[PDB]
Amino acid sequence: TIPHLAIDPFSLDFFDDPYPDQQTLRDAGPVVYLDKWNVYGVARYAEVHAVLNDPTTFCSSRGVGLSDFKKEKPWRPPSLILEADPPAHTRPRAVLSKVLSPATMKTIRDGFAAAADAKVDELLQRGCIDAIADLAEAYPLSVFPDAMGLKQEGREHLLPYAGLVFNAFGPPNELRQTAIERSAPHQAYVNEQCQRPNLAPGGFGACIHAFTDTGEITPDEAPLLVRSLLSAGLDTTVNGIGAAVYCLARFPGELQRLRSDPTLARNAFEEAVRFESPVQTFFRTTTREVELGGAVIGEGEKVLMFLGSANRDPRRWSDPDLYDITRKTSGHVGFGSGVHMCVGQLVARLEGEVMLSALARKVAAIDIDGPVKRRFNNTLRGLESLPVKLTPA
């Protein structure tokens, strides 16, 4: 009843151009079986949304990677928020929701916006830049470690550790085993900065520790929640901002619409998250036998969700392969959906908005003027290098 496909969604050829294989996965049926890895797959919007909003059947406490925590040891202690289910998930989620709250955004907005303005003006003085290293990486590195309250020493471990984290959600292919092998120095740096004495008061990390007073998390839970922000809050925004610049460089008509109304900056970033989906895939594990799309999935089966594919499903989106900065983007699953929907989404949108705002006001054109290089990751989609010319407005 369920089609069996040999597509490997964690192969380099898939990463290089996933869109044809993603249509094949969508059009094969609402639920497929991937013989390469012995997992179920869902690539249409309807089933991806359905699975995300059914947490009691499609759980996260057995891992959101390919590995089943009931069968193998997690490569690091399980995340208290990402790799937990209600009710254990709820109070740690509430802490991160308050730490990264709308109220908190007010305290960082001016510095985040000023840093974005300064970066774009700095890059315009150079003319020909790398939009990844000099922008998509440089800007988040200039604001997010500070906002976490991290010390200066050791920040060079942050992007390598995040790449390891997201490669580890994948199957035990070379990308994953290369990342986990000899990863101890990255783990040691991160785990050390998660301890309260190393976090600047007033920053995100110290505020998590401050919530141990409330009864919402214990002192021994706070370092692991600091770890969550250091795992999920940097590389994702790097790929998201790079995707937005990539979209504006490819769709000059949309850059010009953004220039003419910089208040479209926030939705221009949101559409970039839908269009490129920095987080492409992750898993759930069935807690019971379950019917999904006419398909009977047994207990303890891994289900792979294609977020990027769901964000391009023509069953849901008109002209899904067009970047449209006035598209009604509400409902895309680039940040997930349901109880686990990205708790740092306000931080991501703040960075993206103020960067695209700076571009909208200061830049007249963005022209690719060098070889474009893709960055390969089992779960993250993004570029390694994006040489562009910036023309000042």
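All residue numbers refer to positions in the sequence shown, first residue = 1. Throughout, rigid core stands for the largest set of C-alpha atoms superposing within 1.5 Å between the two forms.
K.L.:
Compare 86 to 94 with 215 to 223 and report which one shows the larger root mean square C-alpha deviation from this form in 6 other deposited structures of this protein once the rigid core is superposed.
P.N.:
It is 215 to 223 whose C-alphas lie farther from the shown form in 6 other deposited structures of this protein.
K.L.:
Fitting on the core, do the C-alphas of 180 to 188 or of 282 to 290 deviate more in 6 other deposited structures of this protein?
P.N.:
Checking 180 to 188 against 282 to 290 in 6 other deposited structures of this protein, I find the farther stretch is 180 to 188.
K.L.:
Is the mean CA B factor in the deposited entry higher across 349 to 357 or across 61 to 69?
P.N.:
It is 61 to 69.
K.L.:
Give the stretch, out of 303 to 311 and 184 to 192, with the larger mean C-alpha temperature factor in the deposited entry.
P.N.:
In the deposited entry, the stretch with the higher C-alpha B-factor mean is 184 to 192.
K.L.:
Taking the values straight from the PDB record, which of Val363, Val48, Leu34, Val343 has the highest C-alpha temperature factor?
P.N.:
Among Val363, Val48, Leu34, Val343, the highest C-alpha B-factor in the entry belongs to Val363.
K.L.:
Select one of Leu158, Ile81, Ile297, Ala232: the residue whose C-alpha shows the highest B-factor in the crystal structure entry.
P.N.:
Max CA B-factor in the entry, restricted to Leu158, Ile81, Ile297, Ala232: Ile297.
K.L.:
Split the chain's modelled residues into thirds by Cα B-factor; is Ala28 in the lowest, middle or highest one?
P.N.:
It belongs to the highest third of the chain when residues are ordered by C-alpha B-factor.
K.L.:
C-alpha B factor of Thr326, ranked within the chain: lowest, middle or highest third?
P.N.:
For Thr326, the deposited C-alpha B-factor lands in the lowest third.
K.L.:
Report the third (lowest, middle or highest) to which the CA temperature factor of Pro140 belongs, ranking only the modelled residues of the same chain.
P.N.:
Tercile = lowest for this residue's CA B-factor.
K.L.:
Among all modelled residues of this chain, ranked by Cα B factor, put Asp319 in the bottom, middle or top third, i.e. lowest, middle or highest.
P.N.:
It belongs to the highest third of the chain when residues are ordered by C-alpha B-factor.
K.L.:
Among the chain's modelled residues, which third holds the C-alpha B-factor of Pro223?
P.N.:
Within its chain, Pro223 is a lowest-third residue by C-alpha B-factor, going by the deposited values.
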